[PDB]
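Protein chains in written order, with the deposited numbering: chain 2, 7 to 68; chain w, 12 to 30; chain 1, 11 to 53, 74 to 135, 147 to 312, 337 to 466.
The beta carbon of each residue, even a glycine, is placed where N, CA and C say it ideally should be.
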């Protein structure tokens with residue numbers, strides 16, 4: 007029991023020291039890039055809803 | 012390979028629990 | 011004979027410039043979110079099924095490809111009989127889902154339009170896959186997430202539901218309206234057990250926090266040198282990424298082991338909301354041990370185990386093993402800088418296995434941060450946004466160059 011785990015952990019503790027790992031210049035890429043999607047999506051997802059609430063019974067003004 | 016057939020049999024239920 | 015019947019998009023007559031390719035996505039992205047409202051003709075939207083039926087059949091045909099029931103060929107002919115077959119499974123599966131979505135609970150009209158809705162996106166998909174950087178099956182998973190995120194995060198519906206409030210009745214309750222009134226006296230929010238439920242805005246910064254830790258692990262990769270044959274010292278790389286498996290099928294297994302476990306208790310009554342589900346699924350109590358310790362111990366380890374187990378099996382099917390990658394490279398005439406071909410297997414094998422699993426074991430614990438945090442995404446697929454986000458920006462840089 008558990009003897010494989012002490013080798014699993016040691017084998018998996020390798021690839022973390024081996025891996026590249028980012029630093030802020032790449033950390034900033036992905037941070038900036040999060041802002042990109044955000045700004046394009048919204049607009050429509052708000053147009054969609056305004057058409058339907060005042061057609062069945064007027065309660066907003068659209 | 013038994014465990015692999017069970018994986019395919021699991022995956023098939025993904026399409027059954029879309030509903 | 012079937013592949014010839016169905017339509018495909020023309021490969022563009024020549025090269026296309028990025029201003030055009032970007033304006034093709036304004037089109038498809040406008041049209042998807044136009045499709046994600048309009049309700050079907052039941053006397074609810076058009077995008078009810080989505081791309082998930084095509085994706086999942088993609089996975090079923092990829093596991094039929096990988097399990098070696100049907101043969102796979104890197105040669106273009108066996109691919110030419112398969113790439114149409116896959117799209118045909120994508121065409122049938124949306125008809126199957128047209129039946130399956132309705133049957134569980147006017148019909149045929151609705152099935153025709155769900156079929157058409159699934160069909161249109163399958164072409165809109167392929168449009169982007171030729172006249173844009175990146176596909177589409179992907180794109181929609183962004184599109185229908187970041188919107189839901191920002192709506193549920195900084196739209197006015199705190200008024201009702203779990204989503205913000207901290208009021209026993211109606212009152213005035215919008216995400217920004219409470220930020221004006223909570224500043225005057227006490228916030229009430231500190232490092233403690235708390236009233237529970239409360240609002241979601243405080244959760245929100247947590248949802249940004251797992252966002253901001255996911256990005257870190259989306260960098261994490263191992264590099265293996267790759268100089269092709271027949272070209273003096275041209276240093277291509279091959280990345281083995283820490284996550285790997287895109288950790289998509291693992292969470293699908295996480296859902297499947299919940300779907301087989303929770304139905305077979307309802308099968309046993311014909312021949337328990339308490340006992341059976343009280344040890345498997347989580348408490349969804351904010352705290353660590355809480356009143357019941359045994360609920361907290363069984364939920365975690367089993368998920369991180371069963372997620373990992375399924376990862377290490379996935380690789381034995383969908384190529385992406387030691388043995389297969391090598392083939393894949395050997396085909397396109399690539400090699401390690403100083404090794405005989407066969408050795409490749411060995412020299413990269415010791416990277417794959419670990420990864421396959423350790424990704425899983427990092428995603429099981431990331432479902433745990435997401436569930437324990439009660440984050441606004443409330444799921445592992447925050448990851449999925451950033452994966453794609455990274456991919457998109459990189460194209461913007463490619464086309465900038």
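{"Check": "Complete alpha helix (DSSP H) runs within the stretch 178 to 242 of chain 1 (minimum length 4 residues, chain order)", "Outcome": "178 to 195 and 218 to 222"}
{"Check": "Where residue 76 (chain 1) falls, given that 16 or more other Cβ within 10 Å makes a residue buried", "Outcome": "buried"}
{"Check": "Per-residue DSSP class, three states only, for residue 60 (chain 2)", "Outcome": "helix"}
{"Check": "Cα-Cα separation between residue 103 (chain 1) and residue 155 (chain 1), rounded to whole angstroms", "Outcome": "34 Å"}
{"Check": "Validate contact between the stretch 349 to 365 of chain 1 and the stretch 396 to 408 of chain 1 using beta carbons, cut 8 Å, 3 pairs", "Outcome": "no"}
{"Check": "Member of 235 (chain 1), 396 (chain 1), 301 (chain 1) and 287 (chain 1) whose CA lies at the smallest distance from the CA of residue 453 (chain 1)", "Outcome": "287 (chain 1)"}
{"Check": "Test: residue 233 (chain 1) CB closer than 9 Å to a CB of chain 2", "Outcome": "no"}
{"Check": "Where residue 264 (chain 1) sits in the DSSP three-state scheme", "Outcome": "strand"}
{"Check": "Between the CA atoms of residue 21 (chain 2) and residue 419 (chain 1) - distance to the nearest angstrom", "Outcome": "8 Å"}
{"Check": "Sequence-distant residues of its chain with Cβ nearer than 7 Å to residue 175 (chain 1) (five each side left out)", "Outcome": "169, 456, 457 and 460"}
{"Check": "Proximal residues of chain w, C-beta to C-beta of residue 300 (chain 1) below 7 Å", "Outcome": "24 and 28"}
{"Check": "Residue closest to residue 378 (chain 1), alpha-carbon to alpha-carbon, out of 344 (chain 1), 343 (chain 1) and 417 (chain 1)", "Outcome": "417 (chain 1)"}
{"Check": "Closer than 9 Å to chain 2 by CB, residue 260 (chain 1)", "Outcome": "yes"}
{"Check": "Exposed unless 16 or more other CB atoms sit within 10 angstroms - verdict on residue 255 (chain 1)", "Outcome": "buried"}
{"Check": "Candidates 432 (chain 1), 12 (chain 1) and 27 (chain 1): closest to residue 463 (chain 1) by CA position", "Outcome": "27 (chain 1)"}
{"Check": "Contacts of residue 60 (chain 2) in chain 1 (Cβ-Cβ under 8 Å)", "Outcome": "Correct list: empty, because the minimum Cβ distance to chain 1 is about 15 Å."}
{"Check": "is_contact[residue 9 (chain 2), chain 1] using C-beta, thresh 9 Å", "Outcome": "no"}
{"Check": "Assigned exposure category for residue 7 (chain 2) - 16 Cβ within 10 Å defines buried", "Outcome": "exposed"}
{"Check": "Bridge partner(s) assigned by DSSP for residue 400 (chain 1)", "Outcome": "268 (chain 1)"}
{"Check": "Helix, strand or coil at residue 173 (chain 1) [DSSP, three-state]", "Outcome": "coil"}
{"Check": "Beta-carbon gap between residue 249 (chain 1) and residue 428 (chain 1) smaller than 9 Å", "Outcome": "no"}
{"Check": "Chain-order list of residues whose beta-carbon lies under 7 Å from that of residue 35 (chain 1) (same chain, five-residue window excluded)", "Outcome": "169 and 173"}
{"Check": "C-alpha gap between residue 19 (chain w) and residue 289 (chain 1), whole angstroms", "Outcome": "15 Å"}
{"Check": "Own chain residues within Cβ distance below 7 Å of residue 284 (chain 1), not counting five before or after", "Outcome": "258 and 424"}
{"Check": "Candidates 441 (chain 1), 20 (chain 1), 32 (chain 1) and 421 (chain 1): closest to residue 246 (chain 1) by CA position", "Outcome": "441 (chain 1)"}
{"Check": "For residue 124 (chain 1), the first and last residue of its enclosing alpha helix (DSSP H)", "Outcome": "113 to 133"}
{"Check": "Buried or exposed by the 16-neighbour rule on C-beta atoms within 10 Å, applied to residue 46 (chain 1)", "Outcome": "buried"}
{"Check": "Contact residues within the stretch 23 to 50 of chain 2, judged by C-beta distance below 8 Å to chain 1", "Outcome": "24, 25, 26, 27, 28, 32, 33, 35, 36, 37, 38, 39, 40, 42, 43, 44, 46, 47, 48 and 50"}
{"Check": "Buried or exposed (CB count within 10 angstroms, at least 16 for buried), residue 262 (chain 1)", "Outcome": "buried"}
{"Check": "Residue-level contact to chain 1 via CB, residue 12 (chain 2), 9 Å cutoff", "Outcome": "no"}
{"Check": "Interface residues of chain w facing residue 97 (chain 1) [CB-CB closer than 8 Å]", "Outcome": "15 and 19"}
{"Check": "Three-state class that DSSP yields for residue 290 (chain 1) in the structure shown", "Outcome": "helix"}
{"Check": "Cutoff 8 Å; reference residue 298 (chain 1); Cβ partners in own chain excluding five residues on either side", "Outcome": "371"}
{"Check": "Within chain 2, partners of residue 43 (chain 1) - CB distance below 8 Å", "Outcome": "47, 50, 51 and 54"}
{"Check": "Burial state of residue 235 (chain 1) (16 or more Cβ within 10 Å)", "Outcome": "exposed"}
{"Check": "Chain-order list of residues whose beta-carbon lies under 8 Å from that of residue 208 (chain 1) (same chain, five-residue window excluded)", "Outcome": "214"}
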